[PDB]
Amino acid sequence: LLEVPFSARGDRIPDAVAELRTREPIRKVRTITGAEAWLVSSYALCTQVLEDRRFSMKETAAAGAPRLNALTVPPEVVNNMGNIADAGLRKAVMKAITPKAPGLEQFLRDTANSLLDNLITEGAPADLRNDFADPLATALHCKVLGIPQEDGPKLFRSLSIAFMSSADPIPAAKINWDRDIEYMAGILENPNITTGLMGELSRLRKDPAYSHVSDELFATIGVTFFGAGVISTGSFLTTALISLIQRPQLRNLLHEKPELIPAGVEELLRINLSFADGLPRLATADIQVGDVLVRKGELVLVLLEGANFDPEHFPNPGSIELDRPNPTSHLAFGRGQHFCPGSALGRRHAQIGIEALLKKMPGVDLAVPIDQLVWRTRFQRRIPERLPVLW
Ligand code: HEM
Ligand SMILES: C=C[C@H](c1ccc(-c2ccc(O)c(Cl)c2)cc1)n1ccnc1
């Protein structure tokens with residue numbers, strides 16, 4: 001039985017995806033746990049699954065369910081956004097993580113420029129993942145959360161385990177989770193934390209309108225939004241920089257006309273291979289998806305690059321075109337009930353990071369042949385362990 005995932009490489013889509021999409025856009029596969037699942041790979045069927053709440057994220061955590069991979073958080077945290085919504089916290093969380101917070105964008109620009117100046121001083125080769133994209137993501141999320149910048153690196157170092165895609169429970173994930181929760185709980189008790197997401201959660205925790213909300217949920221919001229935001233923005237920016245480096249004509253165009261960078265980033269989102277696995281959902285009813293009657297209790301995997309390279313929806317899907325008529329209609333941020341709450345922040349992180357890099361390093365190029373990149377395995381993102389560049 002066809003095994004998923006197909007390839008940990010984030011620099012090229014396997015030819016097999018287009019064949020599946022054409023012939024079998026919903027197809028039985030085996031996951032790393034040995035479970036069977038339905039892999040959905042067309043824009044039409046991916047959108048159908050993501051927009052039908054009977055394909056449940058929450059129920060993927062149920063004991064005894066077929067699993068894509070092992071939990072790395074407590075099972076109730078899989079329903080984190082539902083818990084946030086039920087607690088009356090959605091609006092406050094969203095307001096806290098907007099890129100338009102006063103001074104946030106300038107902080108992003110200043111941080112990016114400082115990171116780049118240090119790389120220039122040290123001399124090529126430079127590692128754009130470990131010494132640019134990931135520190136930029138980490139610094140951004142410390143600022144957004146309102147926590148000390150110097151605490152970023154230790155929180156960041158949880159994530160190479162936190163976002164593993166493992167067949168089995170990971171003992172280090174429990175250690176790191178418990179430690180990171182204790183940290184966020186202490187932050188909520190720290191009177192000096194008055195800004196950002198944790199400053200606002202700290203205030204709401206003392207507000208009688210929220211007296212019922214548990215300390216557990218407040219700390220969980222901090223751990224989950226830091227982890228999801230840092231891994232997603234650092235990994236997306238890293239692999240978008242590869243796509244851009246691979247396209248010198250586009251790199252030069254965006255350097256010459258940086259007002260096109262938002263359109264460029266939107267296409268880089270569309271062609272991004274950062275998510276290593278399909279998005280998992282558990283059927284809570286018998287539901288017809290294409291030619292397959294998915295049965296209650298079965299696992300469905302929504303393959304984002306299946307949708308995003310679907311030529312019916314995005315003609316010439318492998319080409320970056322800055323004037324498509326349907327440019328934000330990709331699924332890079334998901335779709336439906338679980339659409340990424342951080343989407344605007346993720347866009348802005350990448351836009352500013354790329355703007356800064358192109359100004360400082362207009363000649364940026366890989367310093368090794370592209371096949372020498374080392375792609376992280378058994379992880380929820382596809383990323384190169386190092387991204388060596390020259391300029
Ligand atoms: C370019 C950057 C990002 C990408 C590509 C991305 C991608 C995604 C995708 C595809 C989903 C849907 C998962 C699903 O439906 O199963 C998602 C959800 C989520 N994202 Fe993002 N994300 C990014 C940035 C962020 C940021 C900056 C934050 C927070 C600061 C964040 C926090 C979350 C959370 C908490 C969820 C879960 C939502 C829910 O369960 O309803 N993400 N993200
Ligand atoms: C399913 C939840 C997933 C998520 C997974 C793992 C973590 C995590 C963070 C720090 C840790 O120390 C450990 Cl061990 C785990 C956080 C979040 N997620 C993705 C978007 N929203 C939530």
Side-chain angles (χ1 to χ4, degrees), residues 46 49-51 55-58 60-61 68-85 90 93-94 96-99 133 137 140-141 143-145 154-165 169-184 196-197 219-240 265-266 268-270 272-275 277-281 300-302 304-305 307-308 330-351 353 380-381:
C46 286
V49 172
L50 290 178
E51 292 188 333
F55 294 108
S56 170
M57 170 186 287
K58 172 182 167 167
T60 66
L68 169 64
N69 56 29
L71 293 170
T72 68
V73 299
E76 67 275 14
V77 174
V78 170
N79 198 36
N80 186 47
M81 275 297 332
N83 300 326
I84 294 169
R90 185 189 275 283
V93 169
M94 289 302 290
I97 65 173
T98 177
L140 175 57
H141 284 79
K143 183 63 108 189
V144 164
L145 261 68
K154 180 61 180 292
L155 292 169
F156 170 80
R157 279 189 295 272
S158 296
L159 301 180
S160 66
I161 287 162
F163 282 89
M164 280 178 171
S165 186
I170 309 169
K174 176 162 168 58
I175 295 172
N176 287 346
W177 175 262
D178 287 348
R179 185 186 66 244
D180 290 344
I181 288 285
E182 291 307 302
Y183 171 84
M184 291 298 172
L197 172 63
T220 298
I221 295 168
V223 173
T224 59
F225 273 67
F226 183 92
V230 172
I231 204 66
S232 298
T233 61
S235 302
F236 169 62
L237 178 54
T238 295
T239 46
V265 167
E266 210 61 38
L268 290 161
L269 282 161
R270 182 179 66 74
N272 100 78
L273 300 176
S274 68
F275 274 66
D277 309 296
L279 303 181
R281 298 292 192 268
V300 178
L301 304 173
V302 180
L304 295 183
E305 67 266 45
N308 287 340
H330 59 74
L331 305 194
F333 294 119
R335 176 70 73 86
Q337 175 180 322
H338 297 288
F339 183 85
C340 179
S343 70
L345 188 64
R347 282 189 177 105
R348 208 72 189 104
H349 172 267
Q351 291 167 3
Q380 294 175 38
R381 299 292 184 279

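What's counted below: heavy atoms across the whole structure, side chains too, no hydrogens, waters or symmetry copies. The chain is numbered in sequence order, starting from 1. Every number for a ligand or one of its atoms is a count from 1 in the order of the listing.
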Return the closest protein heavy atom for [atom] as residue, atom name and distance.
atom: atom 12 (O) of ligand 2; result: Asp180 OD2, 2.7 Å
atom: atom 8 (C) of ligand 2; result: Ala162 CB, 3.5 Å
atom: atom 38 (C) of ligand 1; result: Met81 CG, 3.4 Å
atom: atom 10 (C) of ligand 1; result: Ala332 O, 3.3 Å
atom: atom 14 (Cl) of ligand 2; result: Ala173 O, 3.0 Å

Part of [X] within contact of ligand 1 (heavy atoms, under 4.0 Å):
X: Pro280; result: neither
X: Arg335; result: neither
X: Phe225; result: both

Under the salt bridge (charged side-chain N to carboxylate O under 4.0 Å, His left out) test, residues paired with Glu182 that sit two or more places apart: none
Suppose we screen for salt bridge (charged side-chain N to carboxylate O under 4.0 Å, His left out). Which residues come up paired with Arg348, at least two apart in sequence or across chains? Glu105, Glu355
Does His338 reach ligand 1 with a nitrogen or oxygen that is under 3.5 Å from one of the ligand's nitrogen or oxygen atoms? yes
I want to know if ligand 1 touches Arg281 in the polar sense, i.e. an N/O pair below 3.5 angstrom. yes
In ligand 1, which numbered atoms sit nearer than 4.0 Å to a non-hydrogen atom of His141? 27 (C), 30 (C)
For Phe236, counting its heavy atoms only, list the atoms of ligand 1 lying under 4.0 Å from any of them. 1 (C)
Using the side-chain contact (heavy atoms from CB on, under 4.5 Å) rule, take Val93 and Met81 through it: C-alpha gap first, then chi angles, then the decisive distance, then the call. CA-CA 10 Å; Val93 169; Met81 275 297 332; 5.7 Å; no
Hey, does the side chain of [X] reach the backbone of [Y] with a donor-acceptor pair shorter than 3.5 angstrom?
X: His141; Y: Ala137; result: yes
X: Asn308; Y: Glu305; result: no
X: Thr239; Y: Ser235; result: yes

If you measure from each heavy atom of [X] to ligand 2, is any distance below 4.0 Å?
X: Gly227; answer: no
X: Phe163; answer: yes
X: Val223; answer: yes
X: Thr72; answer: yes

Just to confirm, does any protein heavy atom lie below 4.0 Å from atom 22 (C) of ligand 2? no
Quick one: pull up [atom1] in [X] and [atom2] in [Y] and give me the separation to the nearest 0.5 Å.
X: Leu345; Y: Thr98; atom1: CG; atom2: OG1; answer: 8.0 Å
X: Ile175; Y: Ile170; atom1: CD1; atom2: CD1; answer: 11.5 Å
X: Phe225; Y: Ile97; atom1: CZ; atom2: CD1; answer: 5.0 Å

Contacting atoms of ligand 2, where contact means under 4.0 angstrom from a heavy atom of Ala228: 19 (C), 20 (C), 21 (N)
Numbered atoms of ligand 2 (with element) below 4.0 Å of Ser158, judged on heavy atoms: 12 (O)
Report yes if some N/O of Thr224 lies less than 3.5 Å from some N/O of ligand 2; otherwise report no. no
Residue-ligand contact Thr224/ligand 1, heavy atom below 4.0 Å: no
Any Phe275 heavy atom less than 4.0 Å from ligand 1: yes
Going through the distances and angles, do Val49 and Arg335 end up as a side-chain contact (heavy atoms from CB on, under 4.5 Å)? CA-CA 9 Å; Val49 172; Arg335 176 70 73 86; over 6 Å; no
With 2.8 Å as the threshold, which protein atoms of type N, O or S lie near atom 21 (Fe) of ligand 1? Leave waters out. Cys340 SG
Side-chain touch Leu301/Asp277, heavy atoms, less than 4.5 angstrom: no
As a test of understanding, state which of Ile231, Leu273, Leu268 forms a side chain to side chain contact (heavy atoms under 4.5 Å, CB included) with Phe236. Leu268
Pairs where residues 70-84 contributes a residue and the test side-chain hydrogen bond (donor to acceptor under 3.5 Å, both in side chains) is met, not counting sequence neighbours: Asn80-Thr224
Report the part of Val73 (side chain from C-beta onward, or backbone N, CA, C, O) that has a heavy atom under 4.0 Å from ligand 2; answer both or neither where that applies. side chain
